[PDB]
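Presented as structure tokens, the chain that follows is alone, the form deposited without its partner chain.
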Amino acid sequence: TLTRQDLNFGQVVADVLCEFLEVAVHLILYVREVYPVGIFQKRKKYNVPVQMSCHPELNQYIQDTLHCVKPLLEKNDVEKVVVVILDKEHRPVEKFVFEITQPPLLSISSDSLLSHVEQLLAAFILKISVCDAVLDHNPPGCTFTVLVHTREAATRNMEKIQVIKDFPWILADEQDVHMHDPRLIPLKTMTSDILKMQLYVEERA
């Protein structure tokens, strides 16, 4: 396995990341109390406790969002997937940044993602589970959205609306993309043979 393309053309990493992002997003929504705790049930993933919503439409929304993220991952068009927490005025208060690098060549010397996927991804999940300790209290009535930072260069004349797998997406406006000099809180970094991923939170200063 010399190359990224050897792992089913990026499909393996995309699938593993989408499975991971779904569980991480649910856990974020729980620990930050974006939704009432009563919709979340306790499950196990990566042999560690996780908290997953049983609300059908919220579930489907998260899945639909990640269904759009998957092809972007496969074509190596993702630098970040960000869970953005918005206050009641719709201003970012907090961002959970999953910064992803998929180099074209596998790093020979790093540990095998696929042999240790449980342990490696569990470590992120465990940091999310207890992150409420290190973050500020969010104001009441927060919502979330998901921002995808792509590898694509912006062109002068580009349509704001971009349809992906039949769902309309939009170029993110400065209200969401910009936080004024946020405080950066590191949670976890991993370098594996196939994937480099860093999780950190940006909080409003």
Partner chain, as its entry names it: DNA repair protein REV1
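Residues that one form lacks are left out of the comparison. Positions refer to the first chain, counted from 1. The term rigid core refers to the maximal set of C-alpha atoms that superpose within 1.5 Å between the two forms.
We do not show the form deposited with its partner chain bound, though everything after this point is about it.
Proximity of residue 21 to its partner chain in the bound PDB entry falls outside the 4.5 Å heavy atom cutoff. Its partner chain is not drawn, but in the bound PDB entry it has no heavy atom within 4.5 Å of residue 130. In the bound PDB entry, no residue of 33 to 65 lies within 4.5 Å of its partner chain by any heavy atom.
Core superposition between the shown form and the other one leaves every listed residue (113, 85, 78, 128) with a C-alpha shift below 2 angstroms except 113. After superposition on the rigid core, the Cα atom of residue 166 is displaced by 2 Å or more between the shown form and the other one. Here residue 157 counts as shifted, since its C-alpha moves by at least 2 Å between the shown form and the other one after the core is aligned.
Annotation for the pair residue 174/residue 156: C-alpha atoms recede from each other in the bound PDB entry, by 3 Å or more compared with this form. The pair residue 159 and residue 18 is tighter in the bound PDB entry: their Cα-Cα distance falls by no less than 3 Å compared with this form. Fitting the two forms on their rigid core shows CA movement of 2 Å or more between the shown form and the other one over runs of at least three residues at 108 to 113, 153 to 167.
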